[PDB]
């Protein structure tokens, strides 16, 4: 990481940031935590590549943020005590025109995905304005850039698990567990709520930098990590429930191994 940060810092020395090389860097290496929000904002198009214009665009974004937060408070949809991730969901709904009848109206499925991702982002990005916009764009990528890929990830998960450990997949299949696995947690919420955020953010570097396939390998690696546990469980529900509440102490090792598995099977070009 010490060399990598220096090479990133060279990339960040340009007046006009080279977004193609920020992408290839992010696909191959973890982003240094002090430059993550920056790189994520440029890659998601929240900031332009000329860093002389960053403070200004962020001013427009902060201003729009405070306009919407204020309009929510005037209508009484949120209060001082509303959790921050919920504020972001309501801000998103109000901006998108989908604000429900009242704060007490049950959440819809896409609302729950947004909310799970918001809660995870709040631990990754310090500044609220950054957090809100990064969350908005991150979720919009899922719903646009990746709309037709996400539904293919379960099939990919089976394929690559079958390659890494057919015995484990054989076990899942003989219990009819495959169809009941928590695909929505893995491939709509992108592990938000599942992996701790110090580790998750390394997965999301890759998602932000254009890969949704990294999610398959994180899923495959979870299963490999907990192979002995899973093989002992003899029913579809026990398996599913375990996978929705995994132990968290190996999550750094899971993410690192997942990244290597992905590079292996998908041929991620080296950074230059």
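Positions refer to the first chain, counted from 1.
S.K.: Select between 151-159 and 171-179 the stretch whose C-alpha atoms have the higher average B-factor in the entry.
M.R.: Stretch with the greater average CA B-factor: 171-179.
S.K.: Do the C-alpha atoms of 235-243 or of 45-53 have the higher average B factor in the entry?
M.R.: Taking the mean B-factor of the alpha carbons in each, 235-243 is higher.
S.K.: Between 263, 257, 13, 21, which one tops the list for Cα B-factor in this entry?
M.R.: Among 263, 257, 13, 21, the highest C-alpha B-factor in the entry belongs to 13.
S.K.: Return the residue from 86, 112, 130, 95 that has the highest Cα B-factor in the entry.
M.R.: Spelled out: the listed residue with the top C-alpha B-factor is 95.
S.K.: Looking at the C-alpha B-factor of residue 134, is it in the lowest, middle or highest third of its chain?
M.R.: Answer is lowest: the recorded C-alpha B-factor places it there.
S.K.: Can you work out whether the C-alpha temperature factor of residue 145 puts it in the lowest, middle or highest third of the chain?
M.R.: Middle third - that is where residue 145 ends up once the chain's C-alpha B-factors are sorted.
S.K.: Going by the CA temperature factor in the PDB record, which third of the chain does residue 59 belong to: lowest, middle or highest?
M.R.: Ranked within chain, residue 59 CA B lands in the middle tercile.
S.K.: Taking the chain's C-alpha temperature factors as the reference, tell me which third residue 272 falls into: lowest, middle or highest.
M.R.: Middle third by C-alpha B-factor.
S.K.: Lowest, middle or highest third: where is residue 190 by Cα B-factor in its chain?
M.R.: For residue 190, whose C-alpha B-factor we compare with every modelled residue in the chain, the answer is the lowest third.
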